[PDB]
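This is data-v4.pdb (PDB, C-alpha atoms (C1' of nucleotides) and all ligand atoms).
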```pdb
ATOM      1  CA  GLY A   1      -0.126  -4.943 -15.384  1.00  0.00           C
ATOM      2  CA  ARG A   2      -2.095  -5.158 -12.127  1.00  0.00           C
ATOM      3  CA  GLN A   3      -3.409  -8.205 -10.284  1.00  0.00           C
ATOM      4  CA  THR A   4      -6.981  -8.219  -8.922  1.00  0.00           C
ATOM      5  CA  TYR A   5      -7.536  -9.417  -5.355  1.00  0.00           C
ATOM      6  CA  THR A   6     -10.084 -12.055  -4.497  1.00  0.00           C
ATOM      7  CA  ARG A   7     -12.738 -11.384  -1.892  1.00  0.00           C
ATOM      8  CA  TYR A   8     -10.905 -13.775   0.431  1.00  0.00           C
ATOM      9  CA  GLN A   9      -7.629 -11.906   0.141  1.00  0.00           C
ATOM     10  CA  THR A  10      -9.321  -8.535   0.655  1.00  0.00           C
ATOM     11  CA  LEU A  11     -11.511  -9.877   3.476  1.00  0.00           C
ATOM     12  CA  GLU A  12      -8.629 -11.511   5.319  1.00  0.00           C
ATOM     13  CA  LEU A  13      -6.591  -8.294   5.031  1.00  0.00           C
ATOM     14  CA  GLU A  14      -9.437  -6.028   6.161  1.00  0.00           C
ATOM     15  CA  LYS A  15      -9.981  -8.392   9.090  1.00  0.00           C
ATOM     16  CA  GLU A  16      -6.278  -8.006   9.911  1.00  0.00           C
ATOM     17  CA  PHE A  17      -6.423  -4.210   9.584  1.00  0.00           C
ATOM     18  CA  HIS A  18      -9.256  -4.256  12.152  1.00  0.00           C
ATOM     19  CA  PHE A  19      -6.710  -5.150  14.836  1.00  0.00           C
ATOM     20  CA  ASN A  20      -3.625  -3.117  13.922  1.00  0.00           C
ATOM     21  CA  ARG A  21      -3.197  -0.615  11.118  1.00  0.00           C
ATOM     22  CA  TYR A  22       0.549  -1.367  10.890  1.00  0.00           C
ATOM     23  CA  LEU A  23       2.259  -4.731  10.468  1.00  0.00           C
ATOM     24  CA  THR A  24       5.413  -6.270  11.907  1.00  0.00           C
ATOM     25  CA  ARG A  25       7.946  -8.002   9.678  1.00  0.00           C
ATOM     26  CA  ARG A  26       7.167 -11.436  11.142  1.00  0.00           C
ATOM     27  CA  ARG A  27       3.434 -11.036  10.624  1.00  0.00           C
ATOM     28  CA  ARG A  28       3.918  -9.444   7.183  1.00  0.00           C
ATOM     29  CA  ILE A  29       5.708 -12.564   5.957  1.00  0.00           C
ATOM     30  CA  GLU A  30       3.003 -14.773   7.496  1.00  0.00           C
ATOM     31  CA  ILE A  31       0.208 -12.917   5.682  1.00  0.00           C
ATOM     32  CA  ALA A  32       2.018 -12.833   2.334  1.00  0.00           C
ATOM     33  CA  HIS A  33       2.392 -16.627   2.407  1.00  0.00           C
ATOM     34  CA  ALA A  34      -1.187 -17.363   3.484  1.00  0.00           C
ATOM     35  CA  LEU A  35      -2.712 -15.192   0.755  1.00  0.00           C
ATOM     36  CA  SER A  36      -0.091 -16.142  -1.867  1.00  0.00           C
ATOM     37  CA  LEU A  37       1.045 -12.535  -2.261  1.00  0.00           C
ATOM     38  CA  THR A  38       4.422 -10.864  -2.009  1.00  0.00           C
ATOM     39  CA  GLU A  39       5.679  -9.031   1.058  1.00  0.00           C
ATOM     40  CA  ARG A  40       5.682  -5.931  -1.142  1.00  0.00           C
ATOM     41  CA  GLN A  41       1.983  -6.215  -1.972  1.00  0.00           C
ATOM     42  CA  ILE A  42       1.087  -6.579   1.701  1.00  0.00           C
ATOM     43  CA  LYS A  43       3.083  -3.452   2.506  1.00  0.00           C
ATOM     44  CA  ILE A  44       1.442  -1.499  -0.322  1.00  0.00           C
ATOM     45  CA  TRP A  45      -2.078  -2.696   0.481  1.00  0.00           C
ATOM     46  CA  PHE A  46      -1.651  -1.387   4.018  1.00  0.00           C
ATOM     47  CA  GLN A  47      -0.200   1.877   2.705  1.00  0.00           C
ATOM     48  CA  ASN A  48      -3.303   2.387   0.565  1.00  0.00           C
ATOM     49  CA  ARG A  49      -5.670   1.097   3.250  1.00  0.00           C
ATOM     50  CA  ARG A  50      -4.153   3.488   5.785  1.00  0.00           C
ATOM     51  CA  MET A  51      -4.631   6.325   3.303  1.00  0.00           C
ATOM     52  CA  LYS A  52      -8.226   5.200   2.727  1.00  0.00           C
ATOM     53  CA  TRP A  53      -8.768   5.074   6.503  1.00  0.00           C
ATOM     54  CA  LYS A  54      -7.364   8.614   6.698  1.00  0.00           C
ATOM     55  CA  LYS A  55     -10.095  10.026   4.444  1.00  0.00           C
ATOM     56  CA  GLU A  56     -12.734   8.385   6.653  1.00  0.00           C
ATOM     57  CA  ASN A  57     -10.792   9.543   9.767  1.00  0.00           C
TER      58      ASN A  57
ATOM     59  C1'  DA B   1      24.883   5.252   8.931  1.00  0.00           C
ATOM     60  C1'  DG B   2      22.036   3.333   5.611  1.00  0.00           C
ATOM     61  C1'  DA B   3      18.760  -0.226   4.574  1.00  0.00           C
ATOM     62  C1'  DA B   4      13.748  -0.523   5.359  1.00  0.00           C
ATOM     63  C1'  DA B   5       9.458   1.296   6.030  1.00  0.00           C
ATOM     64  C1'  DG B   6       6.438   5.065   5.567  1.00  0.00           C
ATOM     65  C1'  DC B   7       3.696   9.092   3.556  1.00  0.00           C
ATOM     66  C1'  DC B   8       1.566  11.231  -0.010  1.00  0.00           C
ATOM     67  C1'  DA B   9       0.314  12.526  -4.730  1.00  0.00           C
ATOM     68  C1'  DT B  10      -0.484  10.467  -8.866  1.00  0.00           C
ATOM     69  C1'  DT B  11      -1.308   7.110 -12.417  1.00  0.00           C
ATOM     70  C1'  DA B  12      -3.407   3.529 -14.810  1.00  0.00           C
ATOM     71  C1'  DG B  13      -6.010  -0.828 -15.401  1.00  0.00           C
ATOM     72  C1'  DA B  14      -9.641  -4.075 -14.412  1.00  0.00           C
ATOM     73  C1'  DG B  15     -14.467  -4.864 -14.784  1.00  0.00           C
TER      74       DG B  15
ATOM     75  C1'  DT C   1     -17.769   6.146 -19.428  1.00  0.00           C
ATOM     76  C1'  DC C   2     -16.854   5.673 -14.857  1.00  0.00           C
ATOM     77  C1'  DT C   3     -15.217   3.693 -10.219  1.00  0.00           C
ATOM     78  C1'  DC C   4     -11.983   1.721  -7.140  1.00  0.00           C
ATOM     79  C1'  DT C   5      -7.699   0.304  -5.940  1.00  0.00           C
ATOM     80  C1'  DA C   6      -3.145  -1.938  -7.329  1.00  0.00           C
ATOM     81  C1'  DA C   7       0.857   0.152  -8.161  1.00  0.00           C
ATOM     82  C1'  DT C   8       4.352   3.965  -8.692  1.00  0.00           C
ATOM     83  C1'  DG C   9       7.706   7.526  -7.602  1.00  0.00           C
ATOM     84  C1'  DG C  10       9.945  10.811  -4.953  1.00  0.00           C
ATOM     85  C1'  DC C  11      10.462  12.265  -0.893  1.00  0.00           C
ATOM     86  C1'  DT C  12      10.702  11.919   4.687  1.00  0.00           C
ATOM     87  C1'  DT C  13      10.907   8.970   8.764  1.00  0.00           C
ATOM     88  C1'  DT C  14      12.107   5.173  11.618  1.00  0.00           C
ATOM     89  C1'  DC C  15      15.337   1.773  13.473  1.00  0.00           C
TER      90       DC C  15
HETATM   91 NI    NI A 101     -13.225  -5.336  17.273  1.00  0.00          NI
HETATM   92 NI    NI A 102      20.663   8.978   6.751  1.00  0.00          NI
END
```

Take the structure from the file and write it as structure tokens.
Ligand code: NI
Ligand code: NI
Amino acid sequence: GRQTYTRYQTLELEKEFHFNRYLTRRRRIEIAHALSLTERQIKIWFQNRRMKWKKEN
DNA sequence: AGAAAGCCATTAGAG
DNA sequence: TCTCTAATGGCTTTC
């Protein structure tokens, strides 16, 4: 099964991605707690978002 | 070194 | 039926 992300979670992440397309371990834990997601989800979201940003270039 | 993070292709589920 | 993206898996890369 797959969880669906709220607007707030997706908005707060996209806002983060605006500043740096990669995350540090300290920040990655911070974000996972604030959005009530796992460290793994945050990593994966950025993997996908970086791939999505690649197709837009 | 080898754990941890990435890249990339691919899949599958939510709505 | 169709779209988008969470999630996966098998590699390579970074530290
Ligand atoms: Ni700006
Ligand atoms: Ni090695």

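Within 9 Å of chain A, and using only C-alpha atoms (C1' of nucleotides), the residues found on chain B are residues 5, 6, 7, 8, 13 and 14 of chain B.
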
Determine which residues of chain C sit within 10 Å of chain A, taking into account only C-alpha atoms (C1' of nucleotides), and present them as an MDAnalysis selection string.
chainID C and resid 5:7

Could you dump the residues just selected with C-alpha atoms (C1' of nucleotides) as a compact mmCIF listing (two decimals), keeping the file's coordinate frame?
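Resulting contents of again_10.txt:
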```
# COMPACT_ATOMS: atom_id res chain seq x y z
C1' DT C 5 -7.70 0.30 -5.94
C1' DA C 6 -3.14 -1.94 -7.33
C1' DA C 7 0.86 0.15 -8.16
```

Residues within 10 Å of (20.0, 4.0, 6.8), counting all atoms listed in the file, listed as a PyMOL selection string
(chain B and resi 1-4) or (chain C and resi 14-15)

Given the PyMOL selection byres (((not hetatm)) within 10 of (chain A and resi 101)) and the file above, list the residues it selects as a list in words.
residues 15, 18 and 19 of chain A

Generate a file of the selected residues that holds C-alpha atoms, formatted as an mmCIF file, in the coordinates of the input.
```cif
data_model
loop_
_atom_site.group_PDB
_atom_site.id
_atom_site.type_symbol
_atom_site.label_atom_id
_atom_site.label_comp_id
_atom_site.auth_asym_id
_atom_site.auth_seq_id
_atom_site.Cartn_x
_atom_site.Cartn_y
_atom_site.Cartn_z
ATOM 1 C CA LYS A 15 -9.981 -8.392 9.090
ATOM 2 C CA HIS A 18 -9.256 -4.256 12.152
ATOM 3 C CA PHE A 19 -6.710 -5.150 14.836
#
```

To one decimal place in Å, what is the distance between CA of residue 7 in chain A and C1' of residue 9 in chain C?
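A separation of 28.4 Å between them.
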
Between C1' of residue 12 in chain B and CA of residue 37 in chain A, distance in Å (one decimal)
20.9 Å

Rounded to one decimal place, report the CA of residue 16 in chain A-CA of residue 35 in chain A distance in Å.
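Computed distance, CA of residue 16 in chain A to CA of residue 35 in chain A, equals 12.2 Å.
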
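The set of residues that the PyMOL selection byres (((chain A and resi 28) around 10) and not hetatm) takes from this file is residues 22, 23, 24, 25, 26, 27, 29, 30, 31, 32, 33, 38, 39, 40, 41, 42 and 43 of chain A.
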
I need the chosen residues saved as a PDB file, in the frame of the given file, with C-alpha atoms.
```
ATOM      1  CA  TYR A  22       0.549  -1.367  10.890  1.00  0.00           C
ATOM      2  CA  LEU A  23       2.259  -4.731  10.468  1.00  0.00           C
ATOM      3  CA  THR A  24       5.413  -6.270  11.907  1.00  0.00           C
ATOM      4  CA  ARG A  25       7.946  -8.002   9.678  1.00  0.00           C
ATOM      5  CA  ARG A  26       7.167 -11.436  11.142  1.00  0.00           C
ATOM      6  CA  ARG A  27       3.434 -11.036  10.624  1.00  0.00           C
ATOM      7  CA  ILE A  29       5.708 -12.564   5.957  1.00  0.00           C
ATOM      8  CA  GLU A  30       3.003 -14.773   7.496  1.00  0.00           C
ATOM      9  CA  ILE A  31       0.208 -12.917   5.682  1.00  0.00           C
ATOM     10  CA  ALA A  32       2.018 -12.833   2.334  1.00  0.00           C
ATOM     11  CA  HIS A  33       2.392 -16.627   2.407  1.00  0.00           C
ATOM     12  CA  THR A  38       4.422 -10.864  -2.009  1.00  0.00           C
ATOM     13  CA  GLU A  39       5.679  -9.031   1.058  1.00  0.00           C
ATOM     14  CA  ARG A  40       5.682  -5.931  -1.142  1.00  0.00           C
ATOM     15  CA  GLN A  41       1.983  -6.215  -1.972  1.00  0.00           C
ATOM     16  CA  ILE A  42       1.087  -6.579   1.701  1.00  0.00           C
ATOM     17  CA  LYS A  43       3.083  -3.452   2.506  1.00  0.00           C
TER      18      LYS A  43
END
```

Edge lengths and centre in Å to one decimal, as AutoDock Vina command-line options, of the axis-aligned box that encloses all listed atoms of range 43-55 of chain A with 3 Å added on every side?
```
--center_x -3.5 --center_y 3.3 --center_z 3.2 --size_x 19.2 --size_y 19.5 --size_z 13.0
```

As a CSV table (one decimal), keeping the file's coordinate frame, could you write out range 17-53 of chain A once it has been completed with N, CA and C atoms?
```csv
chain,number,residue,atom,x,y,z
A,17,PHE,N,-6.5,-5.6,9.4
A,17,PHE,CA,-6.4,-4.2,9.6
A,17,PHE,C,-7.3,-3.8,10.7
A,18,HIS,N,-8.4,-4.5,11.0
A,18,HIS,CA,-9.3,-4.3,12.2
A,18,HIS,C,-8.5,-4.2,13.5
A,19,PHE,N,-7.4,-5.0,13.6
A,19,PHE,CA,-6.7,-5.2,14.8
A,19,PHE,C,-5.5,-4.2,14.9
A,20,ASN,N,-4.7,-4.1,13.9
A,20,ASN,CA,-3.6,-3.1,13.9
A,20,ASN,C,-3.4,-2.6,12.5
A,21,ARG,N,-3.3,-1.3,12.4
A,21,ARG,CA,-3.2,-0.6,11.1
A,21,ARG,C,-1.8,-0.7,10.6
A,22,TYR,N,-0.8,-1.1,11.4
A,22,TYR,CA,0.5,-1.4,10.9
A,22,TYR,C,0.9,-2.8,11.2
A,23,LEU,N,1.8,-3.3,10.4
A,23,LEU,CA,2.3,-4.7,10.5
A,23,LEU,C,3.7,-4.8,10.8
A,24,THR,N,4.0,-5.9,11.6
A,24,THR,CA,5.4,-6.3,11.9
A,24,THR,C,6.0,-7.2,10.8
A,25,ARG,N,7.3,-7.2,10.7
A,25,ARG,CA,7.9,-8.0,9.7
A,25,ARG,C,7.6,-9.5,9.8
A,26,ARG,N,7.5,-10.0,11.0
A,26,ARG,CA,7.2,-11.4,11.1
A,26,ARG,C,5.8,-11.7,10.6
A,27,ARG,N,4.8,-10.9,11.1
A,27,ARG,CA,3.4,-11.0,10.6
A,27,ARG,C,3.3,-10.8,9.1
A,28,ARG,N,4.0,-9.8,8.6
A,28,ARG,CA,3.9,-9.4,7.2
A,28,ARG,C,4.3,-10.6,6.3
A,29,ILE,N,5.3,-11.4,6.7
A,29,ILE,CA,5.7,-12.6,6.0
A,29,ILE,C,4.6,-13.6,6.1
A,30,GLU,N,4.1,-13.8,7.3
A,30,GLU,CA,3.0,-14.8,7.5
A,30,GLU,C,1.8,-14.5,6.6
A,31,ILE,N,1.4,-13.3,6.5
A,31,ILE,CA,0.2,-12.9,5.7
A,31,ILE,C,0.5,-13.1,4.2
A,32,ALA,N,1.7,-12.7,3.7
A,32,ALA,CA,2.0,-12.8,2.3
A,32,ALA,C,2.0,-14.3,1.9
A,33,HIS,N,2.4,-15.2,2.8
A,33,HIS,CA,2.4,-16.6,2.4
A,33,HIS,C,1.0,-17.2,2.4
A,34,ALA,N,0.2,-16.8,3.4
A,34,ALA,CA,-1.2,-17.4,3.5
A,34,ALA,C,-2.0,-17.0,2.3
A,35,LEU,N,-1.9,-15.7,1.8
A,35,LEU,CA,-2.7,-15.2,0.8
A,35,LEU,C,-2.0,-15.3,-0.6
A,36,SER,N,-0.9,-16.0,-0.6
A,36,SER,CA,-0.1,-16.1,-1.9
A,36,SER,C,0.1,-14.8,-2.5
A,37,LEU,N,0.7,-13.9,-1.8
A,37,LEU,CA,1.0,-12.5,-2.3
A,37,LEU,C,2.5,-12.2,-1.8
A,38,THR,N,3.1,-11.2,-2.4
A,38,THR,CA,4.4,-10.9,-2.0
A,38,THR,C,4.4,-10.0,-0.8
A,39,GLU,N,5.5,-10.0,0.0
A,39,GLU,CA,5.7,-9.0,1.1
A,39,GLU,C,5.4,-7.6,0.6
A,40,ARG,N,5.8,-7.3,-0.6
A,40,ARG,CA,5.7,-5.9,-1.1
A,40,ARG,C,4.2,-5.6,-1.3
A,41,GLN,N,3.4,-6.5,-1.8
A,41,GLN,CA,2.0,-6.2,-2.0
A,41,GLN,C,1.3,-6.0,-0.6
A,42,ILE,N,1.7,-6.8,0.4
A,42,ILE,CA,1.1,-6.6,1.7
A,42,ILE,C,1.4,-5.2,2.2
A,43,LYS,N,2.7,-4.8,2.1
A,43,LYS,CA,3.1,-3.5,2.5
A,43,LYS,C,2.2,-2.4,1.8
A,44,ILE,N,2.1,-2.5,0.5
A,44,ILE,CA,1.4,-1.5,-0.3
A,44,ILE,C,0.0,-1.5,0.0
A,45,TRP,N,-0.7,-2.7,0.1
A,45,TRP,CA,-2.1,-2.7,0.5
A,45,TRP,C,-2.3,-1.9,1.8
A,46,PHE,N,-1.5,-2.1,2.8
A,46,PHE,CA,-1.7,-1.4,4.0
A,46,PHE,C,-1.4,0.1,3.9
A,47,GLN,N,-0.4,0.5,3.0
A,47,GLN,CA,-0.2,1.9,2.7
A,47,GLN,C,-1.5,2.5,2.2
A,48,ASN,N,-2.1,1.9,1.1
A,48,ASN,CA,-3.3,2.4,0.6
A,48,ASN,C,-4.4,2.4,1.6
A,49,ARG,N,-4.6,1.2,2.3
A,49,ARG,CA,-5.7,1.1,3.2
A,49,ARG,C,-5.5,2.1,4.4
A,50,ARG,N,-4.3,2.4,4.8
A,50,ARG,CA,-4.2,3.5,5.8
A,50,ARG,C,-4.5,4.9,5.2
A,51,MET,N,-4.2,5.1,3.9
A,51,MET,CA,-4.6,6.3,3.3
A,51,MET,C,-6.1,6.4,3.1
A,52,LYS,N,-6.8,5.2,2.8
A,52,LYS,CA,-8.2,5.2,2.7
A,52,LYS,C,-8.8,5.4,4.1
A,53,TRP,N,-8.3,4.9,5.2
A,53,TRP,CA,-8.8,5.1,6.5
A,53,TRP,C,-8.6,6.5,7.0
```
